[PDB]
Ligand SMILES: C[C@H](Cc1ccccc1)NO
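One chain comes next, on its own, written as structure tokens: the form solved without the named molecule.
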């Protein structure tokens, strides 16, 4: 990521803060309804609206992306464990990471319309691409 990208991302993710987990839930919910092929990776989950499990997992995704923003310069060693989980054990199709990153961008738009400028949209797309590249590295 360029220095202009680091700035825009850290600024934008600062202004989420506590709302982080609540936003992650909404992103997962959007993914499940918009792309029903992704629901088969979660047979052990209640996927009904306002589900206890999706709120709880929502916060686990959000915490992961915050650490990434915090460790933006050393991303492959801040997320190393999650590649093994997603690539080796869960066998997650690479196209599915583009689907979540896209629903993640629809959530930040719908919630931070003042900070979702075209230059910030581009920085966040680059950031979520990087995150995806690391998670799929064990392929």
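If you superpose the two forms and keep the largest set of C-alpha atoms that fall within 1.5 Å, you have the rigid core. Residue numbers count along the first chain shown, from 1.
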Practice task
With everything overlaid on the rigid core, name the stretch, 127 to 135 or 10 to 18, whose CA atoms wander farther on average in 6 other deposited structures of this protein.
Solution key: 10 to 18
Problem - 91 to 99 set against 68 to 76, stretch whose average Cα temperature factor tops the other in the entry - result: 68 to 76
Practice task
Can you let me know which of the two, 117 to 125 or 10 to 18, has the higher average C-alpha B-factor in the entry?
Solution key: 10 to 18
Handout entry: Member of 85, 110, 104, 61 with the greatest C-alpha B factor (per the PDB record)
Key = 110
Practice task
Could you say whether, by C-alpha temperature factor, residue 49 belongs to the lowest, middle or highest third of its chain?
Solution key: highest
Practice task
Can you work out whether the C-alpha temperature factor of residue 4 puts it in the lowest, middle or highest third of the chain?
Solution key: middle
Handout entry: Entry-reported Cα temperature factor of residue 39, expressed as the chain third it lands in
Key = highest
Problem - Modelled-residue ranking by C-alpha temperature factor, third containing residue 136 - result: middle
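Keep in mind that the form deposited with the named molecule bound is missing from the display, and what follows is about it.
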Handout entry: Interface membership of residue 120, the named molecule in the deposited complex, 4.5 Å heavy atom rule
Key = no
Handout entry: Partner contact for residue 66 in the deposited complex: the named molecule, 4.5 angstroms, heavy atom
Key = yes
Practice task
Counting only non-hydrogen atoms and a 4.5 Å cut-off, give the residues of 91 to 111 close to the named molecule in the deposited complex.
Solution key: 104, 108
